[PDB]
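Enquirer: First the structure, which I've put down as structure tokens, then a few questions once you've had a look.
Protein chains: 2
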Amino acid sequence: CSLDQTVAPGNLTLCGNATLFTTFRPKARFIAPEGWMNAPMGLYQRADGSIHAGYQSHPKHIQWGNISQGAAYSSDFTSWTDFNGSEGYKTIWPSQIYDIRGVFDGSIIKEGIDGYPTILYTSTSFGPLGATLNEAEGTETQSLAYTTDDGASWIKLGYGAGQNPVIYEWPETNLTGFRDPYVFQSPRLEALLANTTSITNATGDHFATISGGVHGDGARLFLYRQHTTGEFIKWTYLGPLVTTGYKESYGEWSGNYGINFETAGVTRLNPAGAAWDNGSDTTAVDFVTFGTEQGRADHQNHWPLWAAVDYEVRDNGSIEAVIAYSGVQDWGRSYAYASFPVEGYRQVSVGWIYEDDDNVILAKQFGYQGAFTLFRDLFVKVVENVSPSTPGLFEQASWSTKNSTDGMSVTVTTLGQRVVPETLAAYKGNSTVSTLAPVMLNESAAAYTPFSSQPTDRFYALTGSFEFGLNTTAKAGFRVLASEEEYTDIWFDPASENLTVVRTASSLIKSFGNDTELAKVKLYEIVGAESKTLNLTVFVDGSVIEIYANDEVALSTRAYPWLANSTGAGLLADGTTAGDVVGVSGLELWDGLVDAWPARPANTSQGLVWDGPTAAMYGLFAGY
Amino acid sequence: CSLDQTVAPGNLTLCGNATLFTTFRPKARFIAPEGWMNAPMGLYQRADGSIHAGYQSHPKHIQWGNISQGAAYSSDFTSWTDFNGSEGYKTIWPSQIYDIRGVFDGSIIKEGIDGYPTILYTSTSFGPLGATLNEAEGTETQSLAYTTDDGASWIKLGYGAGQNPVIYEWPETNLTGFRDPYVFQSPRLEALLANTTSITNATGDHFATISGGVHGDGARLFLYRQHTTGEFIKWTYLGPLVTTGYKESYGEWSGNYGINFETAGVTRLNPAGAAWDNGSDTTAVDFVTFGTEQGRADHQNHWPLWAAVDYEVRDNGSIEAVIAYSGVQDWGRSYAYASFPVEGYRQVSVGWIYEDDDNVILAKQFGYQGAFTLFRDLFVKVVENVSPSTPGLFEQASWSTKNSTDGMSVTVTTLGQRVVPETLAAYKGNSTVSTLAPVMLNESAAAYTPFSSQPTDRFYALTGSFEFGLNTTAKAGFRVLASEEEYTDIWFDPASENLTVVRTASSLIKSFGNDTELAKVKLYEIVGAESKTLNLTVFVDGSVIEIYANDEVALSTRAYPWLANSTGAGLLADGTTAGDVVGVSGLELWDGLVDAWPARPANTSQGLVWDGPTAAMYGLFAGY
Ligand SMILES: *[C@@H]1O[C@H](CO)[C@@H](O[C@@H]2O[C@H](CO)[C@@H](O[C@@H]3O[C@H](CO[C@H]4O[C@H](CO[C@H]5O[C@H](CO)[C@@H](O)[C@H](O)[C@@H]5O[C@H]5O[C@H](CO)[C@@H](O)[C@H](O)[C@@H]5O)[C@@H](O)[C@H](O[C@H]5O[C@H](CO)[C@@H](O)[C@H](O)[C@@H]5O)[C@@H]4O)[C@@H](O)[C@H](O[C@H]4O[C@H](CO)[C@@H](O)[C@H](O)[C@@H]4O[C@H]4O[C@H](CO)[C@@H](O)[C@H](O)[C@@H]4O[C@H]4O[C@H](CO)[C@@H](O)[C@H](O)[C@@H]4O)[C@@H]3O)[C@H](O)[C@H]2NC(C)=O)[C@H](O)[C@H]1NC(C)=O
Ligand SMILES: *[C@@H]1O[C@H](CO)[C@@H](O[C@@H]2O[C@H](CO)[C@@H](O[C@@H]3O[C@H](CO[C@H]4O[C@H](CO[C@H]5O[C@H](CO)[C@@H](O)[C@H](O)[C@@H]5O[C@H]5O[C@H](CO)[C@@H](O)[C@H](O)[C@@H]5O)[C@@H](O)[C@H](O[C@H]5O[C@H](CO)[C@@H](O)[C@H](O)[C@@H]5O)[C@@H]4O)[C@@H](O)[C@H](O[C@H]4O[C@H](CO)[C@@H](O)[C@H](O)[C@@H]4O[C@H]4O[C@H](CO)[C@@H](O)[C@H](O)[C@@H]4O[C@H]4O[C@H](CO)[C@@H](O)[C@H](O)[C@@H]4O)[C@@H]3O)[C@H](O)[C@H]2NC(C)=O)[C@H](O)[C@H]1NC(C)=O
Ligand SMILES: *[C@@H]1O[C@H](CO)[C@@H](O[C@@H]2O[C@H](CO)[C@@H](O[C@@H]3O[C@H](CO[C@H]4O[C@H](CO)[C@@H](O)[C@H](O[C@H]5O[C@H](CO)[C@@H](O)[C@H](O)[C@@H]5O)[C@@H]4O)[C@@H](O)[C@H](O[C@H]4O[C@H](CO)[C@@H](O)[C@H](O)[C@@H]4O[C@H]4O[C@H](CO)[C@@H](O)[C@H](O)[C@@H]4O)[C@@H]3O)[C@H](O)[C@H]2NC(C)=O)[C@H](O)[C@H]1NC(C)=O
Ligand SMILES: *[C@@H]1O[C@H](CO)[C@@H](O[C@@H]2O[C@H](CO)[C@@H](O[C@@H]3O[C@H](CO[C@H]4O[C@H](CO)[C@@H](O)[C@H](O[C@H]5O[C@H](CO)[C@@H](O)[C@H](O)[C@@H]5O)[C@@H]4O)[C@@H](O)[C@H](O[C@H]4O[C@H](CO)[C@@H](O)[C@H](O)[C@@H]4O[C@H]4O[C@H](CO)[C@@H](O)[C@H](O)[C@@H]4O)[C@@H]3O)[C@H](O)[C@H]2NC(C)=O)[C@H](O)[C@H]1NC(C)=O
Ligand SMILES: *[C@@H]1O[C@H](CO)[C@@H](O[C@@H]2O[C@H](CO)[C@@H](O)[C@H](O)[C@H]2NC(C)=O)[C@H](O)[C@H]1NC(C)=O
Ligand SMILES: *[C@@H]1O[C@H](CO)[C@@H](O)[C@H](O)[C@H]1NC(C)=O
Ligand SMILES: *[C@@H]1O[C@H](CO)[C@@H](O)[C@H](O)[C@H]1NC(C)=O
Ligand SMILES: *[C@@H]1O[C@H](CO)[C@@H](O)[C@H](O)[C@H]1NC(C)=O
Ligand SMILES: *[C@@H]1O[C@H](CO)[C@@H](O)[C@H](O)[C@H]1NC(C)=O
Ligand SMILES: *[C@@H]1O[C@H](CO)[C@@H](O)[C@H](O)[C@H]1NC(C)=O
Ligand SMILES: *[C@@H]1O[C@H](CO)[C@@H](O)[C@H](O)[C@H]1NC(C)=O
Ligand SMILES: *[C@@H]1O[C@H](CO)[C@@H](O)[C@H](O)[C@H]1NC(C)=O
Ligand SMILES: *[C@@H]1O[C@H](CO)[C@@H](O)[C@H](O)[C@H]1NC(C)=O
Ligand SMILES: *[C@@H]1O[C@H](CO)[C@@H](O)[C@H](O)[C@H]1NC(C)=O
Ligand SMILES: *[C@@H]1O[C@H](CO)[C@@H](O)[C@H](O)[C@H]1NC(C)=O
Ligand SMILES: OC[C@H]1O[C@H](O)[C@H](O)[C@@H](O)[C@@H]1O
Ligand SMILES: OC[C@H]1O[C@H](O)[C@H](O)[C@@H](O)[C@@H]1O
Ligand SMILES: OC[C@H]1O[C@H](O)[C@H](O)[C@@H](O)[C@@H]1O
Ligand SMILES: OC[C@H]1O[C@H](O)[C@H](O)[C@@H](O)[C@@H]1O
Ligand SMILES: OC[C@H]1O[C@](O)(CO)[C@@H](O)[C@@H]1O
Ligand SMILES: OC[C@H]1O[C@](O)(CO)[C@@H](O)[C@@H]1O
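For the protein sequence lines, the chains are A and A', in the order given. A prime marks a further copy of an entry chain. Residue numbers for the first sequence follow the entry's author numbering, so the first one is 42 and each next one is one higher. Residue numbers for the second sequence follow the entry's author numbering, so the first one is 42 and each next one is one higher.
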């Protein structure tokens with residue numbers, strides 16, 4: 042195995058385990074020390090203000106299995122430290138008949154058992170498990186554990202009657218899934234249900250959703266309410282909160298609802314961030330975020346979605362969440378978004394970015410799989426004075442519109458997402474920052490124009506504001522991770538409303554994914570403006586390319602160029618002319634970002650292991 | 042619930058959990074502190090000379106499940122002390138995917154991993170498990186753990202390739218079972234295989250048998266050999282050691298071989314005890330002990346058997362154990378005999394005595410189930426100068442015969458069993474001993490004649506030698522646990538050769554078993570004698586009645602009389618006349634025996650618990 046990145050790549054499948062550990066590896070974001078990771082879990086802000094982040098983890102393997110909670114903490118979402126205990130960086134693992142098949146996703150009750158932070162998680166046991174299989178009751182249950190040492194360790198309740206698991210009965214027959222309990226407080230839901238509590242007897246201050254669906258009949262989000270305040274064993278099923286149809290789609294801006302939900306959460310937001318009012322705040326909007334499966338031809342059959350909802354109270358003392366409008370949380374190779382409350386009226390969301398090596402060709406050579414997205418503040422994005430002539434505006438697909446009294450302008454409301462300011466500040470302050478002169482793209486514009494300052498490695502951020510004519514047919518954007526022979530092109534095409542990432546040339550290594558990524562972006566045209574603007578922020582972090590547009594649209598993807606000098610960046614231009622010009626301003630390169638794991642050495646591999654011939658006998662885990 | 046034992050029993054099913062804890066409970070033998078126990082396991086003599094005894098254990102339940110090793114130790118087989126650690130008296134429990142369904146029986150490698158005592162045990166996982174079900178490979182595997190603190194705790198090898206489980210591949214298809222690894226050293230087997238080791242490459246000093254069978258085709262004992270001395274991961278399958286037919290029986294003296302073996306062991310004995318020669322000792326005999334299932338209409342479908350075997354070497358470098366003669370280790374309500382080596386050339390055997398409450402009517406009220414037998418020295422019983430006119434002598438069913446040169450006498454060889462002398466000495470020395478005058482049973486003999494001294498409680502031993510005429514039709518024996526209305530009758534009937542325990546009147550409580558127990562006993566008649574003698578030793582210990590005849594025949598059973606004064610004992614006589622007399626001598630009562638668990642209070646119940654509705658969902662354990 043040759044690791045010469047000045048010449049074409051050889052046959053990299055001949056390379057040893059973890060020989061490509063550092064080659065494509067993110068440095069500026071949350072990632073496990075080694076091995077397999079997937080969904081974020083157990084997220085909470087601790088008593089000292091620091092952030093505890095858990096994740097689905099399988100150390101010393103590069104496929105899923107024996108799934109456990111790995112964990113770390115940070116005071117700023119940005120620089121992290123691993124927990125280190127008797128099981129390394131794991132803090133919860135399969136150990137009991139009820140969870141031996143995997144400690145799946147869970148969420149935090151901050152004041153739980155004996156006043157301690159408490160996780161409610163999906164405890165899995167034996168049997169077929171999956172939305173396309175014939176799962177039975179008991180295979181997925183919900184269990185509690187609590188921590189007396191701020192997340193260094195967790196103590197499970199005992200196995201048995203009146204103890205773990207605490208939720209085991211299926212609320213309906215023939216479920217496609219029954220997992221990912223999301224526990225939350227809600228003055229809103231409490232006020233709505235206050236007149237019906239004699240019907241159900243559930244009066245606790247915590248609610249919990251469980252994600253799933255019904256065979257042949259679409260996805261379901263099931264709502265439970267803690268039966269009694271201060272008591273954590275009894276959870277009363279109220280009813281289905283969200284009910285969608287079998288592979289139902291709200292349209293081109295909304296993905297597809299698939300057959301089964303995963304990692305669903307419930308929040309309430311206003312323009313500033315999180316809202317904890319009882320309904321009295323007329324600027325607040327109720328949201329559900331959720332993954333769907335088997336409604337997509339690619340991206341591992343997975344859509345990470347969100348919906349604004351209007352709650353209705355049922356006669357049986359339950360809640361129907363009626364979808365008002367419906368969007369996409371990230372359009373690329375990410376999934377399993379979790380959100381959690383943060384002090385100062387914030388709700389922060391983070392997901393998992395999978396690799397683009399679906400045939401598992403170089404996973405062993407990597408010695409790891411997966412990373413997080415950046416941490417994102419959620420809020421209600423409000424755009425004022427929108428022109429009624431904005432194309433497609435009254436479809437109200439993933440936004441709402443409200444006319445002015447005179448009908449000459451519109452207020453647009455949608456879900457806002459932006460990178461947490463702590464990370465933006467730390468990234469910029471630790472980088473070599475180059476503020477670039479504005480560039481007018483016209484008839485003289487080359488297809489690709491390198492920036493006047495260049496990155497020095499695969500760890501950088503770009504900002505730019507692209508001003509387009511209202512009837513443009515020009516395309517513009519950013520090329521990143523670029524040499525002569527390898528590059529990744531990020532294009533926006535206002536005429537089609539499509540933001541694309543073209544990866545046909547991303548790498549000389551042919552085994553990685555190369556499909557074109559696509560997001561829809563609505564440029565809301567402002568009354569009196571003679572142009573429309575796209576504000577792009579792009580993070581390049583090893584192999585991760587994470588794109589944010591207008592504090593609204595996110596697209597995470599992967600690129601794995603082999604050559605050491607495929608690190609360049611610049612402007613892309615297509616169909617720009619003397620008449621159809623694209624004005625680029627607010628241009629900035631942040632070279633270096635932050636070393637997110639300062640205590641870790643460059644290579645944190647501990648080698649890879651095989652479970653042996655029993656893995657195929659048990660049939661639960663791949664075994665490697 | 043009334044506990045008045047001076048009047049007839051009420052409806053005892055109304056009694057609370059463990060309200061009958063002390064009522065019927067043995068005091069003088071090995072028993073768990075509370076809850077369910079079954080098979081002995083992990084038996085070894087520790088470096089300090091003390092005995093470590095493990096047992097299959099399910100605390101705070103009265104049916105089998107989550108099966109674990111409970112443990113205790115003793116310096117004399119008789120007075121015991123519990124281990125106490127983080128899991129109470131447990132020292133190995135289900136904790137890994139490979140053993141989460143139960144830590145089944147295992148045996149000890151005294152110099153194992155890093156020189157420490159090491160257990161090889163059956164690690165069970167999910168799936169149908171049983172001789173009458175369709176079991177698959179992986180459900181039962183064999184795994185290692187070792188102890189650095191003389192049995193207070195055990196450390197399992199890791200899960201994976203080249204680690205646990207160490208034996209997982211089925212040696213043939215469609216096994217009825219694959220469990221109970223019995224590890225042993227054998228100079229005998231080493232010498233037999235020494236010329237064939239190039240064929241298999243297995244040259245280690247430890248052998249292991251695994252108990253099972255083949256669907257439709259009878260039981261099997263599979264032989265493995267440690268591949269390399271001092272290395273414990275690799276065990277090479279040689280071949281089947283014992284092969285028997287589907288419900289094959291060697292006859293009336295030999296039980297039935299059923300469909301599947303359990304808890305099989307291999308030993309070599311001579312007249313003094315254990316033999317460790319390479320074949321050169323012409324007085325030594327090779328034995329296998331084993332349980333069989335589904336060859337019996339009652340006694341939980343279970344026979345605890347033994348066979349003398351002659352080893353033949355196969356061309357493929359394996360061993361066939363050809364059965365020479367075949368007997369019964371205990372004729373009553375016991376099973377799962379384990380044997381282990383003890384210093385001074387001894388092999389000691391101990392089994393499990395189950396209750397006689399098969400419909401589980403009063404188990405919760407007991408708050409426990411099960412005890413051990415007494416510990417027994419095994420040896421080759423040799424009877425010299427046997428008369429050729431002994432009825433049935435040349436059937437050679439569960440014994441061998443060798444004629445003298447002149448044909449006028451015979452030497453009989455069989456398996457000997459006797460209670461370990463440490464226990465006999467301790468019992469006698471701690472008891473109030475009454476030496477009773479000989480009693481001649483003739484025409485004046487009543488049906489029942491109380492002993493001149495009586496027991497004071499349900500903890501005593503009786504000895505007696507019964508001298509019968511060679512053509513007698515009289516019956517005699519012992520009545521125990523006797524008042525006017527409740528009693529248990531132990532009869533021997535030389536004409537039929539049957540030792541019986543009649544339990545039609547054992548208790549006023551009708552829910553307990555009342556079937557007549559039966560053992561065959563051959564009184565080998567001595568040349569020149571005008572009579573034949575039965576030496577009986579009987580232990581009464583709470584509800585256990587354990588009978589030994591002529592250091593050969595054992596019969597364990599249960600009796601649960603309600604009345605406080607059902608403690609008496611005496612002689613039984615039937616058909617004794619002036620001409621057909623039974624001379625009883627060597628009569629002795631030992632009243633009290635030994636307090637076997639001096640540190641335990643009278644009531645060691647910790648209550649009983651229910652696993653809850655998930656027990657039926659998982660389908661592995663009853664749940665209570
Ligand atoms: C099959 O068999 C399995 C094995 O038996 C079985 O699993 C076991 O289940 C039992 C029963 O559920 C579990 O027992 C519980 O344990 C909890 C503690 O768990 C943590 O700590 C233990 C012990 O840790 C010691 O030992 C280990 C090992 O050596 C060390 O590593 C530790 O450092 C520690 O060492 C010290 O102590 C030792 C002695 O104990 C010393 O020897 C040593 O020198 C040290 O000083 C760990 O073993 C646990 O690890 C395991 O589990 C974790 C997950 O939790 C895994 O990640 C890990 O890998 C291991 O598998 C773990 O870390 C106890 O809290 C719990 O006791 C409470 O509940 C019971 C039942 O309800 C009560 O009776 C009891 O009174 C306790 O409740 C009180 O306390 C809590 C809070 O403290 C209150 O919330 C509660 O209301 C109550 O309060 C009472 O007291 C108050 C006074 O303060 C009073 O105010 C109140 O009014 C009230 O009275 C219970 O003991 C056991 O852990 C499992 N073991 C394993 C290995 O899995 C399995 O379930 C079975 N399966 C089936 C299908 O049946
Ligand atoms: C799914 O995930 C699961 C969780 O990850 C996973 O289970 C885990 O598997 C791993 C991998 O197999 C297990 O790790 C092994 O652990 C063995 C020790 O096990 C005992 O001790 C641990 C740790 O005990 C500490 O912590 C607990 C908990 O707090 C305390 O109770 C203890 O008191 C103790 O505390 C002290 O130390 C702590 C830090 O560790 C401190 O924080 C603390 O303050 C104290 O000071 C226990 O947790 C174990 O309990 C569990 O398991 C038992 C059964 O064993 C259960 O009954 C119980 O309920 C628990 O479940 C247990 O008691 C290690 O020995 C082992 O390490 C050896 O092997 C590895 C791999 O081969 C080697 O890399 C390593 O070097 C070690 O080998 C060397 O040493 C041995 C002998 O010591 C030699 O034989 C060997 O040749 C080698 O020698 C080397 O060193 C020599 C120098 O001396 C040199 O001469 C040689 O040349 C050579 O170099 C390994 O770490 C882990 O225990 C499992 N955990 C659990 C909870 O189950 C599961 O498998 C996964 N499932 C699937 C399907 O994938
Ligand atoms: C004395 O010891 C016992 C442990 O042995 C302790 O716990 C009790 O254990 C018994 C089993 O021995 C449990 O009985 C079973 O209960 C089932 C119904 O449970 C629900 O109702 C009861 C009664 O109101 C409630 O107390 C339970 O509440 C507890 O459990 C829930 C979880 O569900 C917790 O949230 C609570 O906090 C409590 O812990 C329940 O709400 C019942 O289905 C089951 O019935 C089967 O068995 C009986 C008896 O054989 C039959 O009559 C019946 O027809 C069913 O038969 C089954 O038989 C076979 C084999 O199982 C199957 O194949 C059949 O199809 C059929 O299903 C049983 O009665 C009891 O619930 C439990 N009590 C607890 C935990 O409180 C006692 O506590 C202990 N006492 C003391 C004072 O310490
Ligand atoms: C680098 O990391 C790996 C962990 O990823 C470490 O361990 C190796 O891991 C790989 C899997 O990634 C193992 O490969 C598998 O090996 C199977 C055959 O094993 C036996 O032969 C090999 C080769 O001589 C021996 O080394 C093994 O010895 C070890 O295991 C035994 C227990 O069996 C122990 O006793 C020893 O001590 C050793 O620990 C074995 O004797 C093989 O069956 C399996 O093949 C499948 O997969 C490949 C690749 O995809 C296919 O080509 C093949 O057709 C099979 O495909 C399967 O694919 C699907 C999904 O699984 C199924 O549905 C199909 O039906 C089909 O079965 C695979 O090749 C490797 O054995 C293991 N090596 C070990 C433990 O030594 C490396 O050690 C590590 N390297 C370093 C230097 O650290
Ligand atoms: C019944 O027990 C008696 C008493 O132990 C046995 O007779 C004794 O046997 C020992 C050992 O061989 C001799 O040393 C004694 O001299 C014998 N005592 C006698 C005859 O009173 C007798 O062998 C046992 N019988 C059976 C059938 O097991
Ligand atoms: C790369 O090496 C593998 C062995 O890992 C081989 O099977 C494959 O065909 C090779 N690819 C080539 C020669 O293009
Ligand atoms: C309440 O009613 C809704 C709508 O019919 C139903 O889906 C839900 O299951 C009901 N809740 C119950 C039965 O607890
Ligand atoms: C909103 O404004 C547009 C443009 O003025 C108009 O076509 C539409 O009918 C208005 N909707 C309402 C509800 O008044
Ligand atoms: C660099 O990053 C660290 C870690 O996130 C941060 O705390 C620090 O403020 C940053 N340095 C700056 C902004 O100068
Ligand atoms: C980058 O490296 C390649 C391969 O070594 C080389 O051919 C090329 O000249 C270098 N520069 C660019 C911008 O491609
Ligand atoms: C004994 O009590 C049980 C309740 O535990 C009852 O069902 C049974 O019929 C009673 N037996 C009688 C009255 O003989
Ligand atoms: C050795 O031969 C015997 C008798 O045919 C057979 O049962 C056993 O399986 C063989 N051993 C092997 C194949 O290892
Ligand atoms: C053994 O002795 C009996 C009685 O003398 C005789 O019938 C039988 O044939 C003898 N057996 C042998 C092998 O000599
Ligand atoms: C009584 O029993 C104890 C415990 O087994 C034993 O050590 C002691 O020797 C016995 N006392 C005697 C024989 O006097
Ligand atoms: C034993 O107790 C019962 C019941 O109290 C009583 O009737 C009888 O007289 C007593 N004695 C005997 C030997 O049965
Ligand atoms: O099914 C009963 C209830 O369900 C619906 O959610 C309606 O909002 C409510 O008006 C109705 O009474
Ligand atoms: O930011 C702190 C927030 O988190 C807490 O978990 C509560 O649910 C919420 O009421 C509080 O405002
Ligand atoms: O199958 C081969 C071998 O098996 C048998 O056990 C015979 O004892 C032996 O003579 C024969 O050669
Ligand atoms: O009694 C001690 C005996 O036990 C040991 O485990 C050996 O297998 C045996 O050779 C030795 O004589
Ligand atoms: O690792 C298992 C976890 O991953 C998810 O499937 C989402 O990808 C969750 O639904 C589940 O809890
Ligand atoms: O508890 C399980 C154990 O009990 C037995 O079935 C014998 O009764 C063994 O074969 C097994 O190892």
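From the three backbone atoms N, C-alpha and C, an ideal C-beta is built for every residue, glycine too.
1. For residue 512/A, count neighbouring Cβ atoms within 10 angstroms of its own Cβ and tell me buried if that reaches 16, exposed if not.
2. Give the residues from the segment 640-665 of chain A that approach chain A' closer than 8 Å (Cβ to any Cβ), ordered along the chain.
3. Skipping 5 residues on each side, what residues in its chain have a beta carbon closer than 7 Å to that of residue 151/A?
4. For the beta strand (DSSP E) holding residue 560/A', just list the boundary residues, first then last.
5. Taking the alpha-carbon positions, what's the residue 101/A' to residue 409/A' distance?
6. Can you say whether residue 363/A is buried or exposed, counting buried as having 16 or more other CB atoms within 10 angstroms of its CB?
7. Could you tell me whether the Cβ atoms of residue 464/A and residue 118/A are closer together than 8 Å?
Expert: Working from what's here:
1. exposed
2. Among the residues of the segment 640-665 of chain A, those with a Cβ less than 8 Å away from any Cβ of chain A' are 650, 651, 652, 653, 654, 655, 658, 659, 661, in the order of the chain.
3. 85, 158
4. Segment 558-561, the beta strand (DSSP E) holding residue 560/A'.
5. 8 Å
6. With fewer than 16 other beta carbons inside 10 angstroms of its own, residue 363/A counts as exposed.
7. yes
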